[PDB]
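J.: Chains as they are written, first to last, in the deposited numbering: chain O, 1 to 146; chain I, 157 to 206; chain 7, 2 to 65. Let me begin by handing over the structure; questions about it come next.
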Amino acid sequence: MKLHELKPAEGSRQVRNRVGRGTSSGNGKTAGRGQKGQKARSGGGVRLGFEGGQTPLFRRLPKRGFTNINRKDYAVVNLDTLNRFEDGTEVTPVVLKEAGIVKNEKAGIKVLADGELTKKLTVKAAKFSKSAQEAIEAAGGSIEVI
Amino acid sequence: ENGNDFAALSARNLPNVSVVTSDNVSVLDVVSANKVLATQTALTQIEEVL
Amino acid sequence: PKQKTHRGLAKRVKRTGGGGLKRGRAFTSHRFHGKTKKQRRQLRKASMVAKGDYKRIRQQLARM
RNA sequence: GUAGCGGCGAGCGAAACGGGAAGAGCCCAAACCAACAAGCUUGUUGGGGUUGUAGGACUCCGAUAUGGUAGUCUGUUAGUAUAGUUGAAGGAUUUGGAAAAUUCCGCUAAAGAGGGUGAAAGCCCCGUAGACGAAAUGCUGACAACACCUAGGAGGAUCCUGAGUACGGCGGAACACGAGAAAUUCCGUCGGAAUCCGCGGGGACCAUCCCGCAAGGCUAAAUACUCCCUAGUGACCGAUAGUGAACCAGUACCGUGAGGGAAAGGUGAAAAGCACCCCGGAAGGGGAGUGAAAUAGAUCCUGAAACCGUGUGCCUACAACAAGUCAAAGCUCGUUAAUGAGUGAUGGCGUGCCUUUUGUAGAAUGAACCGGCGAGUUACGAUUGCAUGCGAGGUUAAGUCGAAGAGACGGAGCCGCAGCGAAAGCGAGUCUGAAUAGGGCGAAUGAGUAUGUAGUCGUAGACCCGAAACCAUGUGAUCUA
RNA sequence: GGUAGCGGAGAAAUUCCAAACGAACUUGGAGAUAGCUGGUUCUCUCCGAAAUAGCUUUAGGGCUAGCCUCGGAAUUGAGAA
RNA sequence: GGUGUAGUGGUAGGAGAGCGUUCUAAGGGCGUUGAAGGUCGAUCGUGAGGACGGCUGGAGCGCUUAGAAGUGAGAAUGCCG
RNA sequence: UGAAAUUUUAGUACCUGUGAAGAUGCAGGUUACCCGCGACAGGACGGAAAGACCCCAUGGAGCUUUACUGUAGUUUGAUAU
Ligand SMILES: [K+]
Ligand SMILES: [K+]
Ligand SMILES: [K+]
Ligand SMILES: [K+]
Ligand SMILES: [K+]
Ligand SMILES: [K+]
Ligand SMILES: [K+]
Ligand SMILES: [K+]
Ligand SMILES: [K+]
Ligand SMILES: [K+]
Ligand SMILES: [K+]
Ligand SMILES: [K+]
Ligand SMILES: [K+]
Ligand SMILES: [K+]
Ligand SMILES: [K+]
Ligand SMILES: [K+]
Ligand SMILES: [K+]
Ligand SMILES: [K+]
Ligand SMILES: [K+]
Ligand SMILES: [K+]
Ligand SMILES: [K+]
Ligand SMILES: [K+]
Ligand SMILES: [K+]
Ligand SMILES: [K+]
Ligand SMILES: [K+]
Ligand SMILES: [K+]
Ligand SMILES: [K+]
Ligand SMILES: [K+]
Ligand SMILES: [K+]
Ligand SMILES: [Mg+2]
Ligand SMILES: [Mg+2]
Ligand SMILES: [Mg+2]
Ligand SMILES: [Mg+2]
Ligand SMILES: [Mg+2]
Ligand SMILES: [Mg+2]
Ligand SMILES: [Mg+2]
Ligand SMILES: [Mg+2]
Ligand SMILES: [Mg+2]
Ligand SMILES: [Mg+2]
Ligand SMILES: [Mg+2]
Ligand SMILES: [Mg+2]
Ligand SMILES: [Mg+2]
Ligand SMILES: [Mg+2]
Ligand SMILES: [Mg+2]
Ligand SMILES: [Mg+2]
Ligand SMILES: [Mg+2]
Ligand SMILES: [Mg+2]
Ligand SMILES: [Mg+2]
Ligand SMILES: [Mg+2]
Ligand SMILES: [Mg+2]
Ligand SMILES: [Mg+2]
Ligand SMILES: [Mg+2]
Ligand SMILES: [Mg+2]
Ligand SMILES: [Mg+2]
Ligand SMILES: [Mg+2]
Ligand SMILES: [Mg+2]
Ligand SMILES: [Mg+2]
Ligand SMILES: [Mg+2]
Ligand SMILES: [Mg+2]
Ligand SMILES: [Mg+2]
Ligand SMILES: [Mg+2]
Ligand SMILES: [Mg+2]
Ligand SMILES: [Mg+2]
Ligand SMILES: [Mg+2]
Ligand SMILES: [Mg+2]
Ligand SMILES: [Mg+2]
Ligand SMILES: [Mg+2]
Ligand SMILES: [Mg+2]
Ligand SMILES: [Mg+2]
Ligand SMILES: [Mg+2]
């Protein structure tokens, strides 16, 4: 491109709308705020979720549950992703992290049976679903709980 | 290329000349310039950088 | 600054897979003698935040 | 914006891990030893010793080294700050009052940053690139000197290892944590330990396990800020702006006082700032001069509008007029040459602008007129549309290098690719349930993410102006009681 | 000369305290807050409301719905007369 | 681009497309043979608005593309003159 | 010699009617040559003061009390000295 012939991509940039700049622009005078009221005042408006005094929805609804301090979440992996590897390959949490499939392993890798596996593999992971273990082993592979 | 100080000095003061080292080249510099005069070593270093 | 979450809502609702919000039911605290067993049974079940209510409050749970 | 805290409201809101900037560790008290002094201990002095894979004393051995320092107006040395020196290259022609402008040929450049010069200068001047420079006094760094720290091994019989302390009750306070199940830290008051088989902590508490060793002290760097000084920068202001203050500004002025607080920049290139003459007491003018220009004459660049006045082309003294517009005779004049311009007898229609209202010509509100100034912005987040890049992936943050740039590195972290459940947990399913039942939420039925931009929202004064008031320092009894 | 604002003084009137005292003046918190009033600046094109329901210490405020607008998806075409 | 048909009042308000102001970048220009500014004119465009002449003025300023905003005033018993 | 309040621009009649319901300005009709000076005060809902009456604001302030919650003081006990 040439500095004297620049052209942005169509629709990439828009013109800011300025209010209170004459009537014919469509936002003159009231600047789109309407006529009087609380919402027409500078800094006006009510806090989010406010209902003008009617009991708000969250107040109506009860609190529920608790958070387990020892909660454990696992980074999930499916058989379709495992298909990306070659037969005889040793699948490991390190292997997954290097491949970029699992950037954050959380409490560990758990393998699920969402897809159809087609390659023989020795898979090492924190956990395996029962269906996932069966699929891996039926494909001639093996599973080891790291 | 880095270290060609005599070339850099001798060229810089010319009104139509903009001198840059192969390691420090920017989109704005290239776009501004109508022609790009590069030494062969500079091109090699650029190819390595990119 | 970071937009803050409404902690009361965070305690009362759950984000579902499809983006909706799961909520408990009202009238499930006391005075059960005033409600038929059908009412109690059908209030035991959870429900979803209605469209109007969600459109009012979504910004308070953006980062829940 | 998670875990949490919270009339569980409004809101408040961590820390550890991980990634970086920077990095440094050391002294006492005590045991014990020697001396001193008084009154076998008990104070002073010096030695000794300094800790958790427990250390130390003490007792045996062996070494009298090895290294370090966060010391010193100790020099020697270098550099640097506070003045400076040097520093290339143009003449003509046209316009002009003036050349740097125009035109023609040149020249210089480690210097084509910038400023000034009678208009716009690479080559006229000050400069710049570059080179060079310090008697004197600071500052820094090195070198040396002086100085101060700096021991290994083996034993435990015994001794030492911070007391009105830790801790507890009561009452407050700090920890994101508002007494709460409430640890941890601190204050006041009262009570009040153990001491190595000891003690503290791991969010009430106990046991086990792990980690540490309080009640003594010191410690550079990364970090915060800029009244000042030096050198610069700006899609920052340009005289109602920018500091209140471009000017003799915290001045004038106001007030008892604290305190409040202005206005006010521009002749011309050069004063060459109008000799002399004329009217006039002067002021002020008209000539004559200076000047490119004086309608640039000091109220001085330009010189708008309101407002005021002189001249006149048309109209106007029988008319009821939101003052115009539409139609039009007559008169006057001739332009961006257009089926022109000014004025206008006469005729038709016709109750301003704004705000606020169901409704305003309104006898509802606002504006005396003119000019200037004067109101949805920015930062950080949320969300949507549009755009670009990549795509089951997307992307870096701090930080390092770099021109205050781009860019490179930096994958810690964040979003997405799996959901369901309060949770254990299970998982293309899961939860409820006795249930292979039904049903809920999901999958089948996949697009996301980084950035730009725009709309809207949240936190901030959040579109602008406006209270009566509240609170915390001060100043006032020169009036008055 | 003394008494000073959470105060003084008062032959008592809310009376005086530097020409306005039911709580002085000045500076600061501070751009207090104002569901209230006023103001909010260029143009043209397309479309175009509402003054209703419900709830509200709510009634001249607000929230959801109704009514308007812009974009999108999809249909056995579901709307109107 | 042509034809045809239909449509084009409008407050709150939504959407779209533009005019003009200052500044930045690049390119290409204009200026003591007179820039900006001021003033007059019977000029052009659908609108905001744009030219071109005469006069005044005396040194800076347009145009095209893109970018950023202290970007447009007639009303606030607005402030200053 | 020389102000001021006020002031949208005004070539600023009367009657009846109309109209945001009390018109110099609108309708019909009537009257009225142009410009002033000295007087009066019916009107311009005349000027002056964002009504103090009245109502409203989840405004303010001063005051009261067997309003609520605190609290200085006063008093009583335990405890330390
Ligand atoms: K709006
Ligand atoms: K709930
Ligand atoms: K209940
Ligand atoms: K956060
Ligand atoms: K509340
Ligand atoms: K020692
Ligand atoms: K010169
Ligand atoms: K120059
Ligand atoms: K020196
Ligand atoms: K506590
Ligand atoms: K611990
Ligand atoms: K520990
Ligand atoms: K002049
Ligand atoms: K005249
Ligand atoms: K007429
Ligand atoms: K009135
Ligand atoms: K089931
Ligand atoms: K199911
Ligand atoms: K995309
Ligand atoms: K976006
Ligand atoms: K604001
Ligand atoms: K805003
Ligand atoms: K006195
Ligand atoms: K008295
Ligand atoms: K002109
Ligand atoms: K005004
Ligand atoms: K009226
Ligand atoms: K009168
Ligand atoms: K009062
Ligand atoms: Mg923008
Ligand atoms: Mg509108
Ligand atoms: Mg307006
Ligand atoms: Mg308004
Ligand atoms: Mg409104
Ligand atoms: Mg229950
Ligand atoms: Mg019932
Ligand atoms: Mg020179
Ligand atoms: Mg020349
Ligand atoms: Mg606290
Ligand atoms: Mg205590
Ligand atoms: Mg403890
Ligand atoms: Mg240990
Ligand atoms: Mg430090
Ligand atoms: Mg000023
Ligand atoms: Mg000026
Ligand atoms: Mg000022
Ligand atoms: Mg002149
Ligand atoms: Mg002048
Ligand atoms: Mg007659
Ligand atoms: Mg006549
Ligand atoms: Mg009314
Ligand atoms: Mg008025
Ligand atoms: Mg005093
Ligand atoms: Mg006195
Ligand atoms: Mg009384
Ligand atoms: Mg008085
Ligand atoms: Mg404040
Ligand atoms: Mg329409
Ligand atoms: Mg209520
Ligand atoms: Mg209203
Ligand atoms: Mg029509
Ligand atoms: Mg200009
Ligand atoms: Mg503005
Ligand atoms: Mg004005
Ligand atoms: Mg009537
Ligand atoms: Mg009448
Ligand atoms: Mg009329
Ligand atoms: Mg009137
Ligand atoms: Mg009156
Ligand atoms: Mg009033």
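Here a beta-carbon is modelled for each residue, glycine too, at the ideal position from N, C-alpha and C.
Can you give me the Cβ contacts of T55 (chain O) inside the same chain, cut-off strictly under 8 angstroms, excluding the 5 residues immediately before and after it?
T.: Counted from its first residue, the first sequence places residue 55 (chain O) at position 55. The answer is none, since no qualifying residue turns up.
J.: Just the Cα atoms here: how many angstroms apart are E51 (chain O) and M49 (chain 7)?
T.: One-based indexing of the first sequence puts residue 51 (chain O) at position 51. One-based indexing of the third sequence puts residue 49 (chain 7) at position 48. In a straight line, the C-alpha of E51 (chain O) is about 19 angstroms away from that of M49 (chain 7).
J.: Residues of chain O with a CB under 8 angstroms from the CB of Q40 (chain 7): which are they?
T.: Here residue 40 (chain 7) refers to the residue found at position 39 of the third sequence. Within chain O, no residue comes near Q40 (chain 7); the closest Cβ sits about 16 angstroms away, beyond 8 angstroms.
J.: If we count Cβ pairs, one from each stretch, closer than 8 angstroms, do we get three or more for the stretch 106 to 117 of chain O versus the stretch 64 to 81 of chain O?
T.: The answer is yes - the stretch 64 to 81 of chain O touches the stretch 106 to 117 of chain O, with three or more Cβ pairs under 8 angstroms.
J.: Contact defined as beta carbons within less than 8 angstroms: I believe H7 (chain 7) pairs with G88 (chain O). What is the distance between those atoms, to the nearest angstrom?
T.: One-based indexing of the third sequence puts residue 7 (chain 7) at position 6. One-based indexing of the first sequence puts residue 88 (chain O) at position 88. About 53 angstroms separates the two Cβ atoms, so there is no contact after all.
J.: Using only the alpha-carbon positions, how far apart do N169 (chain I) and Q14 (chain O) sit?
T.: Here residue 169 (chain I) corresponds to residue number 13 of the second sequence, with the count starting at 1. Here residue 14 (chain O) corresponds to residue number 14 of the first sequence, with the count starting at 1. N169 (chain I) and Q14 (chain O): Cα-Cα distance of roughly 41 angstroms.
J.: Against chain O, with Cβ distances strictly below 8 angstroms, would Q43 (chain 7) count as a contact?
T.: Along the third sequence, read from residue 1 onward, the residue named residue 43 (chain 7) stands at position 42. No, no contact with chain O.
J.: Return the residue from the list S129 (chain O), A75 (chain O), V91 (chain O) and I143 (chain O) that minimises the CA-CA distance to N104 (chain O).
T.: Taking the first sequence and counting its residues from 1, the one referred to as residue 104 (chain O) is at position 104. Ranking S129 (chain O), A75 (chain O), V91 (chain O) and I143 (chain O) by Cα distance to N104 (chain O) puts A75 (chain O) first.
J.: How about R41 (chain 7) and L61 (chain O): do their beta carbons lie closer than 8 angstroms?
T.: Residue 41 (chain 7) sits at position 40 when you count from the first residue of the third sequence. Residue 61 (chain O) sits at position 61 when you count from the first residue of the first sequence. Not a contact, by the Cβ cut-off of 8 angstroms.
J.: In angstroms, rounded to a whole number, what distance separates the CA positions of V19 (chain O) and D54 (chain 7)?
T.: In the first sequence, residue 19 (chain O) corresponds to position 19, counting from 1. In the third sequence, residue 54 (chain 7) corresponds to position 53, counting from 1. Approximately 30 angstroms, taken between the alpha carbons.
J.: Give every residue of the same chain whose Cβ lies closer than 6 angstroms to the Cβ of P93 (chain O), excluding the five residues on either side of it in the sequence, and list them in chain order.
T.: If you number the first sequence from 1, residue 93 (chain O) lands on position 93. Same-chain partners within the cutoff: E105 and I109.
J.: Using a Cβ-Cβ distance under 8 angstroms, would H31 (chain 7) count as near chain O?
T.: Counted from its first residue, the third sequence places residue 31 (chain 7) at position 30. Taking Cβ atoms only, chain O never reaches closer than 8 angstroms to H31 (chain 7), which makes this a no.
J.: Cβ-heavy atom distance between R16 (chain O) and ligand 30 below 7 angstroms?
T.: Residue numbering aside, residue 16 (chain O) sits at position 16 when the first sequence is read from its first letter. Flag set: Cβ of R16 (chain O) near ligand 30.
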